[PDB]
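Inside the fold
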Number of protein chains: 4
Amino acid sequence: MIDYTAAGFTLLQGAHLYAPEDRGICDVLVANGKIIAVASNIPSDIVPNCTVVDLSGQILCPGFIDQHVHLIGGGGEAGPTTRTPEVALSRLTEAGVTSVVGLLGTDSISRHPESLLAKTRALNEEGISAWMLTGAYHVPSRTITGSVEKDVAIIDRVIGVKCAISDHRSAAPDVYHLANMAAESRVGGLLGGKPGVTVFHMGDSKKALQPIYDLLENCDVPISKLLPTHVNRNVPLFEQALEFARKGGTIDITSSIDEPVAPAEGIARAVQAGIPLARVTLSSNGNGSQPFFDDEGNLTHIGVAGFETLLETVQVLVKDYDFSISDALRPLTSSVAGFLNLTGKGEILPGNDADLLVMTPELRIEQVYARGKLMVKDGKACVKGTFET
Amino acid sequence: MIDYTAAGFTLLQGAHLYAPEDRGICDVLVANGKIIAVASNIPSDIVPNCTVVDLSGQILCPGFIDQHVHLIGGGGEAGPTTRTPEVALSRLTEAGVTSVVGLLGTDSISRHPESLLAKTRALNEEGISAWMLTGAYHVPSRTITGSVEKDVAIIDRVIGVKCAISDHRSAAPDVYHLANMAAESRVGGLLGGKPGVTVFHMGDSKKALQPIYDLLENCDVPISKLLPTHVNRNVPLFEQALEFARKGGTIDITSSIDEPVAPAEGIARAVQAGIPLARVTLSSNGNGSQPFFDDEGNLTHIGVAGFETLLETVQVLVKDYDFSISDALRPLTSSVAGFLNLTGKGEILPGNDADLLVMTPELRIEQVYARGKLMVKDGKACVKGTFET
Amino acid sequence: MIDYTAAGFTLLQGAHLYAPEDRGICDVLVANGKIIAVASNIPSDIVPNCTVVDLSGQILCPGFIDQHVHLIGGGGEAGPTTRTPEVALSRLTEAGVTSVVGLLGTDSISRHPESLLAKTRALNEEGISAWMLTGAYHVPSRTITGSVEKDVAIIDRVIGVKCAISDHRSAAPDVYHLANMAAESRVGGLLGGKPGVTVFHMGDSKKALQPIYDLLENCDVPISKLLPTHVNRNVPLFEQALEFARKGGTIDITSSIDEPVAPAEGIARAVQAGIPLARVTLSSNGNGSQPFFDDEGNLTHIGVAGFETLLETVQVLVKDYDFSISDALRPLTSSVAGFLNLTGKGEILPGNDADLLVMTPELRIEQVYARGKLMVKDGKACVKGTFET
Amino acid sequence: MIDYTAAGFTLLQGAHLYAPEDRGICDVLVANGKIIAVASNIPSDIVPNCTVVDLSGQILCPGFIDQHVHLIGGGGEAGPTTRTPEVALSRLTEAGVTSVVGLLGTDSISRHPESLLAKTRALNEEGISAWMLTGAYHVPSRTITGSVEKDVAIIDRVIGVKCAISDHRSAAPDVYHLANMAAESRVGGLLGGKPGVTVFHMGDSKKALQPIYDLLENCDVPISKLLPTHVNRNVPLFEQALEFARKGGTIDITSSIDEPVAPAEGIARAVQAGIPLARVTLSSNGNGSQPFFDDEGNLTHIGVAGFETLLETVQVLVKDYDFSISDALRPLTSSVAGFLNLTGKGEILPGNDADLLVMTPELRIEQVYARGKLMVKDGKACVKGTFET
Ligand SMILES: N[C@@H](CC(=O)N[C@@H](Cc1cnc[nH]1)C(=O)O)C(=O)O
Ligand SMILES: N[C@@H](CC(=O)N[C@@H](Cc1cnc[nH]1)C(=O)O)C(=O)O
Ligand SMILES: N[C@@H](CC(=O)N[C@@H](Cc1cnc[nH]1)C(=O)O)C(=O)O
Ligand SMILES: N[C@@H](CC(=O)N[C@@H](Cc1cnc[nH]1)C(=O)O)C(=O)O
Ligand SMILES: [Zn+2]
Ligand SMILES: [Zn+2]
Ligand SMILES: [Zn+2]
Ligand SMILES: [Zn+2]
């Protein structure tokens, strides 16, 4: 016998496939971590040493891309005891996350981009796909090489920069600082082949999106590189976000915020307003703290976010909102890959990566493939982090 | 016999107690530097090896908290010969100060935060409680670690930052500098578990509080973290301070300034205006120089402040103003502890620290306990600094 | 009734006390986290609202002090996936550990003293007692303030410095760099009130202890500040370690190494050698990686150390080594506290901290108290880390 | 029909395979740039849309790996006009080179690691595989991040460091500087998953290898991380090089030097000396200047090295040296990949990268495949650099 096992041939048979586009019942051929063929009825013997998988009666869709996760831990708003813990592989996979963008938040004193970068690498090495944003809430940005442009341009996992605005925990940056930072990300992105975005954590300040508007009037960074996140945190901010998207910007809704605008609600609303789903993404904020502040900017309560809200949002949208599953998936898949220009991700096409979700019809996760590898079986991780126990 | 002396049991019997709230005649049980019980009639044998103290006919109240003292010396406005000297322990205790916040002023060239920090530690070790502010008049701030946020976040004794505005000795900072500095203090405070305030020395400039208003319009720092000090220095500034407090800010009156608005006068006025005492504090400016300047910003005269004005203010308020003692005490006790979130200080409650003042009925200090230890006896220090002589 | 609960009075009765010294049957009284009385037969009613614990039939001893723990995680010798996780509270308490000293190892790129410091602080807040060493294997040391000397003098929790010698992962330092470093720690120590020690991770190099000796002739740092650790990792090193202890040095044996010199064996050998137990300590290296390198410095195997070996060593010593329980506890209690000058630790005496272990006669942990708080009950943590699962 | 082209299936049939091991007549199947099967007689229809290549009568072997190439240009020893040009893709592929390691030489003023890195990245994108060494002749090293150790641990393409010793253009470094540097590369290597080697350009100094030996006694870096290059440049050096290899070291012979020790001659001598071929590598120094200096360190002659000598050496060895083709290829394939720990390179095994050469029986290159892509056809590049003419 001849051994063709190195190929990792895998045939995924007869699931109802959402690419996210409804492909109906379709097969998927995988080799070396890549989708090599997608079509109705694939001869299970088309290739040697092929592992056949019957997904009849099941749904197949692309793995989620969570562009907002505190991979190394976050928190700290109430002292050191509130420093959250690092993210563990199985937590991600089990929630259907095959691709992630790690970032830092409030604390950039006991939290470092070098550590975030190491964790990002560990995850890629463990089996999934991971990137990161340089910077943190603090502006000017705390980087690895000393320059935002140089970080985005030269650190392979860095794709953009993070900052915070309209929030009582910001560093009170002025327009110039913001503009420059954005411009540097923009430029380091062309050079490095990164999207070069700037992600803005939004707080509850009444100024809302103003800083983003000001910034626009003060530089030549395309509206397409700027991402306001946690837009559902408050009404008036949410409403502003809608017009921002309508002007051509993309807005990121956080799944970990149920009030005042719940995730599925925000998405449905966007759509009511005429916003194209391609301009709406959804992220978890996993492992970040969920601190609530007083009227005096006083902390009262503090929790930690998880990844389960992702899937839940989908379910709700489908289930309580009348979205088609296809539509329901976009913001976690194709919309995100689109905004971040994440190649080979977000869609089920030949040549793309074999990052797939096998779900039951009532949208429950059974299996997860990350780059062609079986990570989750029967809704449970079969592959765990080097130190998960 | 069994030895239970390690406990330092101390029963303080039958004084009329102001917590600052009028508790009438009440006893106070202390152990290991802490108030363990407060109630009418405590069995002098409730605990073993208990030291009983009869304060019948006397008043008992909490130790003062002076949040504005040049612990290492200050001055310098008229040359090196005008560099004031360091503060000595007994000077504090004798004036009823059991808790202090050290800071720097005009000179941050021959004066250093590292020195201030060492002195702060020496004082805690000698018997009282001491903290400090990083920075000085100079903006941008001269810190220990190179960053305001990092100092507040990581140096255990640092609780906030100092600066000067509306004064001919300021560094002429612009709104951005101010805003950022404040924001950094704010944020380093959450992380470090410090109040994270910004204290503004106010000069006589006609702009008065404007800079604070501007700052507000340019960042998201809660009005509750900003403290304008020496507000009584001039009328129009004083008047502005009143509305600032009324908007929700706290104002600090300096006891060492008799004109144009004397300390008790300012406090009474605040109250006439409807300001809650919780939003009014009083500090000494002890060891700082008291320089007076010309019309041409020319120095004429220069003196050095002491701590006796603290007690005097209380006396006057009670004596010439009709405040209840309870009310009279707030600004030196509960109001200060409240603003700085100084835990276990400012009030007489079980679990709080045994920082107490024993006074005669005509408000004269007889004894002082700092953390359960007898520091002053019969109005005189029994415990002196390592080098006091 | 009068409320005296703020005192947390606790009376631990009837156990067989090892302080570590054998004190036969004897009671212990606690108030405010401190030991206030130690005597046979204390009256269960000597003080109000007392919680009495019947320890009859049990054994009572000081909590362990582990001076070598990778609090924020370690490892990374085989890439990013081998970066070990941070330490959880419950894992320490459950191992009998009430005081700990945190440090960095091989990686000081993705690992930072600022993060280590935040963690040390987190643990102090959560209930135990933590300190840290500045630096890492890398010499020159990477510090918080930019100076070893400054780090030790001004960062409250820093008590000395870590470095690596005689190991293929060292930074190839020369005596000058080592001497200067040790001298800085010594001096910072005097200034800040710290022991100001230099901790040397020893590797398998044939040079063994040579560098230390060289350093001793190139400076005037007292031998008593120089701590070689992991001395049992190889024989010739171990034997050299005995001479060094013999000359006045203290030596730290790693409980996580079972070959070629088992921990209990090392201790017994030290003693048979005429080295007083005061000059022998034992530490775990918990959370650190346990990497194995072949012939050509190639990594063959990697694992993570836990805390169980601490206790095990004690059992073995008593059991197999003819040791008295008293002597057997020294190396984890009094010797350590003595070496690092840890006040209020390692010994059960009035005035010390209520850090104690309740064990069965066969040496199994049952209860653990930290600063008088119950952390472990029935061999199980009843107090957990803010983010423990 | 079903489309399976995303797979790039390619079946290379009938050649005489040297993997390098002689495997007689044997086929090779490729999919997605990887070798998925290696066996005699694979079925031309085993997989769909297969491109079958008749290599009958040819020879198939691994692509060459050149670890010493001045990718961005070099030279400059005789002023600015002698700065050599950057390497073009086609020149590498055409020389049989599929993997390359880039470095700097004498000039690190007009030459920068950031530029070298961009180039390495350009080549990876264009189709081959490239890595780089940080540093240059200059010691201390000029780096990207400011630290050798950091450069190696965090810049993905950096795998070690370059330096110059025993040469009149060295920076006159001392053992400490050398030892520290090598130790940093070693450690960064472990952290980032790199070999973490130190590459020593050797010059004609009488000191020859002394510095290496000195370094070995001043540190604990494994001999296997230390690569002396250009060892054939002079005799006594060369002879010393044999002893070093004999002690466990690996040695790099330069194909661009024909006197006094020809490349093929050096290799044969190494072997006759008992040095396994695994410890002998051969590199070109392509694009580097070939300067000649007279008596008094005066430049007499300058030229630029090409890549043709690589192949030539192989031919000569076989031809004139009694070598088997197998052995003759080691030094450019398996030995190199082995030394630098290059995974998926230097050997034709299922799972490795499809980097292969098609040669005539007389050893002339015909085709070249890189990661399964056809780059050279008929001895001519059919793939060129984005800006190649
Ligand atoms: N700050 C957290 C991460 C974070 O942004 N959380 C959100 C949670 C939230 C959003 N809206 C209300 N709460 C925040 O606004 O704070 C950290 O730094 O980990
Ligand atoms: N500057 C002094 C401390 C200080 O602020 N004193 C006050 C005294 C004052 C207030 N109003 C009039 N005089 C000042 O306004 O100068 C130093 O630096 O020691
Ligand atoms: N490397 C660890 C800390 C450390 O010093 N471990 C020792 C463990 C050991 C001792 N003997 C064998 N293994 C080592 O020699 O590696 C980290 O950095 O986490
Ligand atoms: N100098 C070159 C790189 C380099 O090391 N070349 C060797 C070439 C050589 C070896 N023997 C004779 N000539 C040198 O000794 O000069 C550059 O910097 O481009
Ligand atoms: Zn956020
Ligand atoms: Zn976040
Ligand atoms: Zn002032
Ligand atoms: Zn002052």
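Residues numbered from 1 in each chain as written, not as in the entry; some residues may be left out. Chains lettered and ligands numbered in written order. Part of a larger assembly, values for the part shown. Heavy atoms only, no water.

Per the PDB entry, chain A is named Isoaspartyl dipeptidase, and its organism is Escherichia coli.

All names here are of chain A. With the rule as written, the count across this model stands at 63 salt bridges over all chains. Measuring nitrogen to oxygen at the nearest pair gives 3.5 Å for the salt bridge that ties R330 to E21. Taken together, the positions of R330 in the loop between helix 9 (325–329) and helix 10 (334–339) and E21 in the loop between strand 1 (10–18) and strand 2 (22–31) put the pair 309 residues apart, joining distant regions of the chain. Given the relative accessible area of 21%, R330 is considered partly exposed. For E366, the salt bridge is made with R364, and the minimal N-O distance between the two is 3.8 Å. (Salt bridge = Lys/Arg side-chain N within 4 Å of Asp/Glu carboxyl O. Helix = DSSP H or I, 4+ residues; strand = E, 2+ residues; numbered from the N terminus. Buried < 20%, exposed > 50% of the residue type's maximum accessible area, 1.4 Å probe, protein only.)

Counting residues at the interface gives 19 residues for chain B and 27 residues for chain A. In this assembly, chain B packs against chain A so that about 1,700 Å² is buried in total across both faces, 54% of it on carbon and sulfur atoms. Per-residue buried area on chain B facing chain A is highest for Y176, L191 and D220 of chain B; these three make up 37% of the total on that side. Remark: the boundary between chain B and chain A carries one salt bridge. In this structure, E149 of chain B and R142 of chain A form a salt bridge, with 3.1 Å as the shortest nitrogen-oxygen distance. Across the chain B-chain A interface, the total number found is seven residue pairs in polar contact. (Contact = heavy atoms within 4.5 Å. Buried area = accessible area lost by both parts, 1.4 Å probe. Polar contact = N/O pair within 3.5 Å; in protein donor to acceptor, adjacent residues only side chain to side chain.)

This paragraph deals with empty space enclosed by the protein. Taken as a whole, this structure holds nine cavities of 30 Å³ or more when the rule is applied. Reported here for the largest cavity is a volume of approximately 270 Å³. Taken together, 17 residues line the largest cavity, and the ones lying closest to its centre are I72, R83 and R111 of chain A together with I72 and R111 of chain C. Among the residues making up the lining of the largest cavity, the classes are represented as three nonpolar, eight polar and six charged. (1 Å grid on protein atoms, 1.4 Å probe; cavity = no way out; pocket = protein on both sides within 12 Å on 5 of 7 lines; lining within 4 Å. Points joined across faces, edges and corners; volume = space filled by probe spheres on them. Nonpolar A, V, L, I, M, F, W, Y, C, P; charged D, E, K, R; others polar.)

Residue and element names in this part refer to chain C. At a minimum axis distance of 11 Å, the contact between helix 5 (residues 210–217) and helix 6 (residues 235–246) shows a crossing angle of 30°. On the basis of the axis angle, helix 5 is roughly parallel to helix 6. Contacts between helix 5 and helix 6 involve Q210, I212 and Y213 from the former and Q240, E243 and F244 from the latter. Partitioned by chemical class, the residues of the contact of helix 5 with helix 6 number three nonpolar, two polar and one charged. (Axes fitted to C-alpha atoms, helices over the stretch in contact; angles between N-to-C directions. Parallel < 35°, antiparallel > 145°, perpendicular 65-115°, else oblique.)

On to the site of ligand 1, then. Residues and elements named next belong to chain A. Near ligand 1 lie 17 residues; those nearest to it are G75, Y137, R169, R233 and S289. At a separation of 2.9 Å, a nitrogen atom of ligand 1 approaches a polar side-chain atom of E77. With the chains in place, 94% of the 430 Å² that ligand 1 exposes on its own is no longer accessible. Broken down by element, the residue count for the shell around ligand 1 peaks at three residues, all from strand 14 (residues 289–293). Looking at the shell around ligand 1 residue by residue, the class counts come to three nonpolar, eleven polar and three charged. (Near = heavy atom within 4 Å. Areas by Shrake-Rupley, 256 points an atom, 1.4 Å probe, with all protein chains shown as cover.)

In this section: the relation of the copies chain B and chain A. At an RMSD of 0.0 Å, chain B and chain A line up after a rotation of 90° and a shift of 0.0 Å along the axis. Look at the turn and shift together and you get a four-fold axis relating the two. Relative to the rotation axis, the closest C-alpha in chain B is found at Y176 of chain B, a distance of 7.6 Å. (Least-squares fit on C-alpha atoms.)

In this section: the packing of helix 4 (residues 175–192) of chain B against helix 5 (residues 210–217) of chain B. Residues and elements named next belong to chain B. Viewed as axis vectors pointing N to C, helix 4 and helix 5 meet at an angle of 70°, and their least axial separation amounts to 9 Å. Accordingly, the angle class assigned to the pair helix 4 and helix 5 is roughly perpendicular. In this structure, helix 4 meets helix 5 at a crossing whose hand is right-handed. Of the residues in helix 5, those touching helix 4 at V175, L178, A179 and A182 are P211, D214 and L215. Of the residues contributing to the contact of helix 4 with helix 5, the split by class is six nonpolar, no polar and one charged. (Left-handed = near helix turned anticlockwise from the far one by under 90°.)

Our focus in this paragraph is helix 4 of chain B. Residues and elements named next belong to chain B. When the terminal C-alpha atoms of helix 4 are compared, their 25 Å separation across 18 residues agrees well with the 26 Å that a helix rising 1.5 Å per residue should span. Among the 18 residues in helix 4, 15 count as buried, and that is most of the element. Residue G193 follows helix 4 closely and has a positive phi angle near 75°. (Expected span 1.5 Å × (residues − 1).)

Frequently, the measure chosen for interface size is the accessible area removed from exposure when the parts meet. Residues and elements named next belong to chain A. Domain parsing of chain A yields domain 1 (1–63 + 343–389) and domain 2 (64–342). Using only C-alpha atoms to locate each centre, domain 1 and domain 2 end up separated by 29 Å. In this complex, domain 1 contributes 33 residues to the contact, which on the side of domain 2 involves 31 residues. For the pair domain 1 and domain 2, the summed buried surface comes to about 2,400 Å²; carbon and sulfur atoms form 61% of the total. Inspection of the domain 1/domain 2 interface yields one salt bridge. If you look at where domain 1 meets domain 2, you find 13 residue pairs in polar contact. Among the elements of the structure, strand 5 (59–62), strand 16 (356–359), strand 17 (365–370), strand 18 (373–377) and strand 19 (380–381) are those that each provide at least two residues to the side of domain 1 that touches domain 2. Top contributing element to the side of domain 1 that touches domain 2 by residue count: strand 17, with four residues. Grouping the amino acids of the side of domain 1 that touches domain 2 by side-chain chemistry returns 15 nonpolar, seven polar and eleven charged. (Domains from an automatic or database assignment.)

A word on the sheet that holds strand 10 (residues 197–202) of chain B. Residues and elements named next belong to chain B. Strands sit in the order 6-7-8-9-10-11 across an open sheet of six strands; the sheet is parallel. Two strands close off the open sheet at either side, each with one partner strand: strand 6 (64–69) and strand 11 (226–229). For this sheet, the mean inter-axis angle between neighbouring strands, taken without regard to orientation, is 30°. (Pairing = 2+ DSSP bridges.)

Residue and element names in this part refer to chain A. Protein ligation of the zinc ion (ligand 5) involves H201 (ND1) and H230 (NE2), the donor distances falling in the range 2.2 to 2.3 Å. Here the zinc ion (ligand 6) and the zinc ion (ligand 5) are spaced 3.5 Å from one another. Note that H201 is positioned in strand 10 (residues 197–202) and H230 in the loop between strand 11 (226–229) and helix 6 (235–246), a separation of 29 residues in sequence. There is no split in this pair, since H201 and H230 are both buried. (Donors = N, O, S within 2.8 Å, 3.2 Å for Na, K, Ca; no water.)

Okay, the coordination of the zinc ion (ligand 8) next. As a benchmark, a tetrahedral metal site with four donors has ideal angles of 109.5 degrees, while an octahedral site with six donors has ideal angles of 90 or 180 degrees. The protein atoms donating to the zinc ion (ligand 8) are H68 of chain B (NE2), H70 of chain B (NE2) and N285 of chain B (OD1), with metal-donor distances spanning 2.2 to 2.6 Å. Each donor residue of the zinc ion (ligand 8) lies on the same chain, and together they follow the pattern H-x1-H-x214-N.

It is worth spelling out helix 7 (residues 263–272) of chain C at this point. Residue and element names in this part refer to chain C. Along helix 7, the residues that are buried comprise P263, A264, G266, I267, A268 and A270. Elements that come into contact with the buried residues of helix 7 comprise helix 6, strand 14 (251–254), strand 15 (280–283) and helix 8 (308–321). The positive-phi residue at the C-terminal boundary of helix 7 is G274, with phi of around 95°.

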